[PDB]
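Chains as they are written, first to last, in the deposited numbering: chain B, 23 to 309; chain E, 14 to 309; chain F, 37 to 132, 141 to 215, 222 to 304; chain A, 38 to 130, 149 to 212, 224 to 300; chain D, 29 to 226, 239 to 256, 262 to 318; chain C, 29 to 227, 240 to 255, 262 to 316. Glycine residues also receive a C-beta, built at the ideal position from the N, C-alpha and C atoms. Report on the following structure.
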Ligand SMILES: Nc1nc2c(ncn2[C@@H]2O[C@H](COP(=O)(O)OP(=O)(O)OP(=O)(O)O)[C@@H](O)[C@H]2O)c(=O)[nH]1
Ligand SMILES: Nc1nc2c(ncn2[C@@H]2O[C@H](COP(=O)(O)OP(=O)(O)OP(=O)(O)O)[C@@H](O)[C@H]2O)c(=O)[nH]1
Ligand SMILES: Nc1nc2c(ncn2[C@@H]2O[C@H](COP(=O)(O)OP(=O)(O)O)[C@@H](O)[C@H]2O)c(=O)[nH]1
Ligand SMILES: Nc1nc2c(ncn2[C@@H]2O[C@H](COP(=O)(O)OP(=O)(O)O)[C@@H](O)[C@H]2O)c(=O)[nH]1
Ligand SMILES: Nc1nc2c(ncn2[C@@H]2O[C@H](COP(=O)(O)OP(=O)(O)O)[C@@H](O)[C@H]2O)c(=O)[nH]1
Ligand SMILES: Nc1nc2c(ncn2[C@@H]2O[C@H](COP(=O)(O)OP(=O)(O)O)[C@@H](O)[C@H]2O)c(=O)[nH]1
Ligand SMILES: [Mg+2]
């Protein structure tokens with residue numbers, strides 16, 4: 023026919039609708055969630071530091087609207103506050119699993135409506151879940167292993183080690199081994215990058231070998247000459263956020279530089295929006 | 014004639030070229046009836062009219078009663094074939110008691126009508142491969158007495174006009190004088206008009222031949238001579254007749270109006286004669302008969 | 037003294053011939069009827085007296101002709117008046141000086157036909173035993189010579205078969227004249243009293259666009275033969291009427 | 038003679054003590070299995086260390102506390118330590152480590168300090184000090200001073227060194243088992259991708275200040291434990 | 029030619045000319061096939077005009093056959109011509125037995141003519157029986173439409189039908205001859221006998249093009270070329286004119302009143318009581 | 029100073045290419061209007077070869093909707109195409125309600141796809157719903173046959189109808205323009221809502249001429271050649287662009303958000 027322009031015919035119409043994304047950052051107060059995320063989007067947001075005297079975990083769910091050359095993204099940032107800071111751990115993941123459930127619920131109950139609209143809807147589902155792990159240095163902590171025990175089947179969880187400038191590299195690798203075995207001790211299949219689309223699969227494959235990442239974030243831009251890049255300052259040195267030997271902020275910014283964002287949406291809608299429906303939606307009909 | 018006209022010549026004035034060619038391919042049929050006394054010259058008149066001897070041993074004067082010698086021939090001049098039918102009376106006026114003269118003739122004509130009509134009401138009609146025998150013309154001979162019409166001649170003329178188209182002709186015009194022929198003609202035409210005898214009037218409708226018919230209408234009746242005695246008057250011709258005081262010729266307009274008689278066949282009015290038998294005689298017979306026929 | 041009969045179909049031209057015999061007109065007012073009423077016309081007796089002494093001494097003869105003979109479509113016994121007339125004349129004369145006592149009877153024959161039309165045979169079979177019948181072919185100017193002789197021979201044959209008693213002429223120039231006269235019977239005549247120019251001058255004769263037929267030429271016809279026969283045999287006709295016909299009538303019913 | 042080494046099992050107590058006293062107190066010790074530390078019990082072992090300084094004591098034993106933290110839920114979480122200190126104080130008849156991965160005094164600080172500050176004088180110590188910027192250091196120090204002041208917490212109190231010690235109570239410390247080199251100063255360092263952190267630099271931290279305070283006020287600790295807390299004991 | 033009875037052709041010529049002439053031609057086909065234009069082009073574009081329009085409007089609700097009378101006096105000969113047109117035939121949604129009003133019209137004409145020539149007082153009243161029938165088969169290609177297949181298996185024994193491939197300017201010659209040969213196959217397979225016009241390239245049916253624009262002067266100017274009706278290599282309009290108008294009207298009347306009127310009366314008068 | 033939002037369209041494209049593509053095109057029209065030739069010419073010029081005859085043999089005894097699953101490998105893009113065409117329509121002795129099989133097939137495909145993608149255990153399945161129907165019109169020259177008017181006014185809330193002037197190469201520009209005005213006046217005497225391209241009616245509706253023979263693929267007549275590549279009225283490019291190049295994704299979007307959703311709110315209404 024000579025007209026292979028079918029794939030381009032739907033790209034040009036989605037940008038008219040605009041995009042919508044969501045992000046869940048899970049970690050106890052103090053690990054630098056708001057700071058890391060403000061550095062990730064290179065913007066100053068409305069999240070002020072919280073208090074250790076929060077009796078119950080709450081969800082910020084602060085929404086925004088950014089812009090680029092053509093796209094008009096409608097971000098929806100949700101972050102836990104007052105999590106994992108008291109003597110209670112087996113009842114910590116409840117207010118951060120009911121959230122994803124209730125975000126499934128609205129889209130579901132609009133999908134079954136009679137005069138339903140789907141060309142333009144604001145999908146409020148959580149599309150990814152970063153998981154900050156304290157930089158202890160022996161193995162995964164209790165709350166961490168219990169939370170990834172019963173959360174991996176709902177969102178494409180991604181384990182990253184926060185505040186990773188207090189762990190030596192000569193030790194860090196062992197920590198990785200000493201955590202990854204626990205991953206295969208309980209046998210939790212944390213998000214495996216596709217590694218099937220032969221066009222780009224080897225980047226995902228090597229990303230999975232360093233799957234336990236390490237990150238750091240700060241809204242202070244220190245070293246100059248090269249550019250106004252953000253770093254860390256201490257009386258005995260400076261830490262480069264993207265040096266590829268200090269931290270893997272670039273490697274974590276491969277879901278943001280978008281090696282796979284649409285894959286996250288697809289796996290949310292076909293492997294987490296299905297196990298909530300292939301099994302859990304069997305309350306009424308077809309039994 | 015304000016109508017809706019054309020522009021280019023459609024290919025239009027060719028109907029009287031298809032109708033003409035359709036009739037030539039199937040030939041014509043014609044029927045002449047010679048009515049007149051025995052010995053007047055009927056057979057010789059036809060012999061010198063169609064330039065060929067046909068038949069005929071003369072009728073004996075001992076014929077008990079008039080019959081009809083009918084004979085159909087297949088003459089053909091060029092590209093045209095005629096089923097000709099000469100119907101000559103035989104013994105007409107032979108006997109003494111001539112009061113019952115015309116009936117054996119007139120019935121004959123009517124009989125022929127039935128033939129054509131017998132194919133009309135019949136449902137297995139085939140009117141395209143059909144050859145009717147209706148008497149188409151009646152040439153009536155008049156003896157040149159010089160006083161008036163003879164009585165039998167008048168009665169047959171008066172009681173045969175409304176069946177077939179009659180032409181009255183003076184036979185044997187070698188007998189009367191032109192000094193007296195004019196008075197004879199005036200008297201006979203006057204008694205024709207007085208006795209209401211309506212001779213065939215040549216048509217005056219069409220304007221191509223209107224006045225030729227108009228002038229020939231006042232010459233009735235014609236004087237004619239017919240013979241086959243082969244006499245050459247200086248050049249190629251035979252139709253003459255000897256006499257001790259001088260030969261008579263036929264194709265001259267001074268002596269006898271022979272050509273004026275042949276102007277019913279040669280050019281003008283004989284297709285019209287056929288049509289006229291078909292339209293005012295046949296229709297009249299249909300009117301007079303389709304009141305006993307029980308058909309409306 | 038003498039009386040002559042002429043009979044024939046009306047229109048044959050017999051009045052004109054009998055005028056041309058005596059050079060006179062003797063029917064002053066006669067109206068030839070129209071065709072409309074001569075359909076069933078009758079026959080009368082037209083007897084006219086005229087004085088001629090051309091050859092004899094005094095012959096105030098009368099000519100009798102019958103108008104309207106055979107003219108009607110059906111002859112309603114048209115022989116009645118003529119035969120009655122002859123019988124009446126014989127009885128009147130034999131009452132005895142001669143009143144009429146018709147001596148000769150010309151019968152004109154139409155030349156258009158092929159011979160004796162059966163009415164002619166009827167008449168010459170009815171009368172031939174009463175008067176001197178003379179057959180004369182009227183309007184002889186319409187017969188070619190060959191048809192003339194064929195008609196003559198057929199007239200003779202129809203005489204022979206029906207045994208018609210034609211008046212034969214009783215038997222040196224006299225012998226030759228009688229021979230030619232008896233050979234030429236029946237005669238041929240043409241009558242015309244319109245004096246019309248010819249080769250010589252101022253002669254009797256008819257005119258046609260092709261010719262001028264005369265009368266006294268014995269080659270055109272036999273008119274002069276008829277006249278001379280009549281004139282010469284006046285006496286012989288009287289004698290034959292006296293000695294063969296009147297005697298027969300006296301021998302028969304009286 | 039009473040002291041404690043209490044922390045969240047990963048602050049760095051083992052290397053800190055081993056470099057403070059030049060010991061190998063646990064030649065054969067294994068980190069509890071990750072799948073096994075769900076109900077992480079708290080246990081106490083013994084010690085045997087001879088101290089060499091200007092003054093030599095008979096012997097020194099530290100109250101090693103494996104498995105104090107890492108609890109799904111602290112049911113008791115406080116029993117064996119108080120039992121051992123009470124028994125050690127009955128035979129006659149304190150470092151608390153604050154993690155730097157927080158806004159300040161996390162919970163379990165007010166409870167523990169309120170429980171034991173009337174039993175033994177407590178020395179607050181911020182472990183893993185090499186991850187706190189000076190502005191954040193001062194901010195958190197002011198915050199913890201306010202928090203201990205707000206809920207009535209008493210901790211502890224030529225003379226230039228005395229003023230310096232009394233002006234920075236929450237000492238910042240690190241621990242370094244293996245000596246590593248940096249810019250010509252190679253004494254018990256820790257290696258990082260940006261070089262080496264040196265334990266004895268007075269500006270990076272106050273480790274040597276803590277060592278001097280402990281090694282010179284041992285008589286002070288002995289007398290306060292034998293005169294003040296002993297009266298409250300009975 | 030001395031006896032001169034050979035002057036009969038002259039006599040019949042003169043009588044025919046003096047008498048006058050008449051004709052009646054009927055056209056049927058799906059509305060919009062270019063019939064009115066062809067009729068106008070035949071008798072020089074004066075019958076249908078914005079003063080009186082024919083089947084262009086095509087009121088198809090009730091197919092009432094209409095007839096128009098025109099007088100033409102071209103070469104001294106004047107005939108009265110009857111164009112017979114069918115508004116609404118085949119165009120509507122249903123084409124079930126749609127031919128019935130046409131049969132009604134033709135047979136009513138036959139009946140009135142018979143009543144004319146059966147009375148005692150018969151006369152020279154004008155005859156109206158339609159002489160010729162032109163059918164416009166659409167040039168679909170590769171097959172004959174079933175509607176016209178059943179049309180020409182019914183009426184072909186009543187009136188002389190000459191099938192016409194209307195709008196034949198849209199058929200390539202190879203497909204044109206293939207379509208024509210398939211028409212012959214479906215004619216000599218379904219036992220169809222049609223008017224034989226008493239060859240190889242001019243194989244019946246005939247192709248016609250009807251134009252009214254004065255360009256190139263009847264012709265059409267497409268943005269890719271010209272369509273002309275007079276030339277015989279492109280279409281065959283002149284062939285239809287030759288064997289419809291100039292040559293075979295008399296034969297058409299002969300067959301009408303010798304084989305069709307004859308059969309109608311041999312049916313009726315053999316079924317009468 | 030960018031975080032990478034621009035890469036989202038790139039991910040969308042790269043993901044859609046791998047998943048493959050499908051299409052289902054309806055062609056409706058009476059026989060002899062060039063449907064088979066047009067459809068063969070449009071797509072790679074390979075379909076309805078004498079190996080597979082198709083509706084070229086116009087079987088008129090019965091009407092049987094015959095789709096044809098075909099596969100096209102456009103370089104590196106898989107297109108599984110079907111040409112839903114009804115052999116025999118609007119040409120037999122009678123044609124009243126002669127469109128029920130078409131609407132039957134359309135509604136059956138809608139219902140079967142709804143069954144496929146509404147169960148609790150649903151998964152990725154083929155898509156067999158028709159996307160657009162091309163309705164051919166013969167060039168009468170006076171208006172629209174009442175069958176076409178009924179087809180429009182009846183079956184227009186269910187499938188994207190595109191009216192085509194079949195065999196536009198037998199018309200004159202003046203009469204063609206008057207034909208267009210007349211049809212879009214009867215379109216407002218009988219209010220009809222054809223699929224209007226997003227934003240002028242003067243150069244509408246689309247008129248198309250199709251062929252297969254090469255000569262420039264054009265037909266040969268005794269007076270020369272009739273072409274397909276132009277822009278006046280034999281517009282074989284405007285259809286091939288505003289049907290495949292530009293608005294085909296919009297065709298799917300309007301079938302789903304309007305037509306398929308109208309059915310989904312009709313069958314689920316009560
Ligand atoms: N050493 C180090 N300190 C950090 C880092 N990120 C943030 N901080 C400091 O830690 C403090 C707390 O971080 P916040 O930005 O408030 O985010 P948070 O720790 O998750 O606390 P909340 O967002 O309020 O729940 C900040 O004020 C920073 O000064 C980091 O990556 N490394
Ligand atoms: N006066 C005259 N005589 C003629 C004429 N033509 C022929 N004759 C002659 O008259 C005789 C009559 O001959 P036909 O004509 O054969 O006799 P017909 O008229 O046939 O009589 P039928 O046999 O009864 O019919 C012939 O012998 C001719 O010699 C003519 O025109 N005028
Ligand atoms: N050819 C010819 N015609 C004659 C002759 N005599 C008289 N006619 C014609 O006959 C007419 C008169 O005849 P007519 O003597 O009265 O005979 P009738 O009537 O029987 O008495 C005239 O008009 C003449 O034309 C003759 O000798 N020859
Ligand atoms: N940041 C930092 N890390 C240390 C220090 N000392 C030890 N570590 C690291 O902490 C890890 C575990 O220490 P660990 O012996 O379990 O400390 P403990 O849990 O308090 O007994 C070791 O692998 C060391 O690399 C220190 O002073 N600072
Ligand atoms: N291509 C072509 N078009 C034609 C032909 N004849 C007529 N037309 C078209 O048909 C239209 C007229 O149709 P018309 O005859 O009124 O249809 P009808 O009223 O149903 O008979 C005109 O606009 C012409 O363009 C032809 O021979 N070829
Ligand atoms: N009407 C028409 N017929 C054609 C065309 N091209 C070829 N044909 C002929 O039509 C036959 C096949 O007809 P088909 O393509 O099925 O006609 P369609 O159904 O209207 O597409 C072939 O034998 C060709 O000879 C065209 O463009 N139009
Ligand atoms: Mg004869």
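The criterion of a C-beta distance shorter than 8 angstroms is not satisfied by residue 299 of chain F and residue 52 of chain E.
Under the Cβ criterion of 8 angstroms, residue 118 of chain B is not counted among the residues facing chain A. For the set F:103, F:47, F:207, F:265, the Cα lying nearest the Cα of residue 77 of chain F is the one of F:103. In the three-state DSSP reduction, residue 113 of chain C falls in the strand class (E or B). At least 8 angstroms separates the CB of residue 243 of chain D from every CB of chain C. With 16 or more other CB atoms across the displayed protein chains lying within 10 angstroms of its CB, residue 86 of chain C is buried.
Residue contact with chain E for residue 162 of chain F: present (Cβ-Cβ distance below 8 angstroms to some residue of chain E). A contact is defined here as three or more CB-CB pairs under 8 angstroms, and the segment 248 to 255 of chain F fails this definition with respect to the segment 204 to 214 of chain F. With three or more CB-CB distances shorter than 8 angstroms, the segment 186 to 202 of chain E counts as touching the segment 221 to 237 of chain E. Residue 256 of chain B carries a strand assignment under DSSP once its states are collapsed to helix, strand and coil. Judged by DSSP in its simplified three-state form, residue 43 of chain E adopts strand.
Annotation: Cβ neighbours of residue 107 of chain A in chain B (cutoff 7 angstroms, chain order): 163, 164. At least one CB atom of chain B sits nearer than 8 angstroms to the CB of residue 157 of chain A. If you ignore the 5 residues before and after residue 296 of chain D, its C-beta comes within less than 8 angstroms of the C-beta of 226, all in its own chain and listed in chain order. Counting the other Cβ atoms within 10 Å of the Cβ of residue 164 of chain D gives 16 or more, which makes it buried. The Cβ-Cβ distance between residue 101 of chain C and residue 219 of chain B does not fall below 8 angstroms. Distance from the CA atom of residue 45 of chain A to the CA atom of residue 106 of chain A, rounded to whole angstroms, is 5 angstroms. Taking a beta-carbon distance threshold of 8 angstroms, residue 141 of chain B counts as an interface residue toward chain C.
Distance between residue 153 of chain D and residue 144 of chain D, taken at the CA atoms: about 7 angstroms.
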